[PDB]
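Asker: below is the sequence, then the experimental coordinates.
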Amino acid sequence: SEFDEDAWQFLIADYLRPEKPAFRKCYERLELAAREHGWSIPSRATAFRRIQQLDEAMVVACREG
DNA sequence: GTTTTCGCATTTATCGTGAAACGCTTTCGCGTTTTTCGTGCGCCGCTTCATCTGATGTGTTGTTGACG
């Protein structure tokens, strides 16, 4: 997996927000940003896969209260 | 000459990826539903007509009489 760290970081930054947008819309939006910066994005499946690879703790980390 | 290892080939397995399929929950969309809100009228009970309406005390002003 060799892709723009900026895009990956952008997506993670968006998911960990208490807003927690839909993975599909956040991803499409990410595609728009990637279009603007010319970033090469990975497959949605791989992205979600790695989101699974982070931690369960991340889900509470986002919406913690 | 008999066995064992080494080099090459074909077939199958699987991954990583990307676009994709399903299934769950969430909403909104429209036809038919349910309650509340006004407008509306009619009835009943109570009440008056068979006979009903104005003052006082104190202060100020004006006029008239008396006095100079």
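Answerer: Nice, I can see it. Numbering: from 1, shown residues only, chains lettered A, B, ... in the order given.
Asker: got the residues of chain A near DNA strand B?
Answerer: A:1, A:42, A:43, A:44, A:45, A:46, A:49 (Cβ under 7 Å from any atom of the strand). The way it works is simple: take the backbone N, C-alpha and C, and place the C-beta from them, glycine included.
Asker: let's see it at 10 Å
Answerer: Selection of chain A residues close to DNA strand B by Cβ under 10 Å from any atom of the strand yields A:1-3, A:23-24, A:27, A:31, A:40-50.
Asker: what about those residues, which are in helices?
Answerer: Judged by DSSP state H, the subset of these located in helices is A:23, A:24, A:27, A:31, A:44, A:45, A:46, A:47, A:48, A:49, A:50.
Asker: compare these and tell me which is most surrounded.
Answerer: residue A:47 (22 neighbours; other Cβ atoms under 10 Å).
Asker: wait, what's in contact with that residue?
Answerer: Residues in contact with residue A:47, defined by Cβ atoms under 8 Å, 6 or more residues apart in numbering, are A:11, A:27, A:41.
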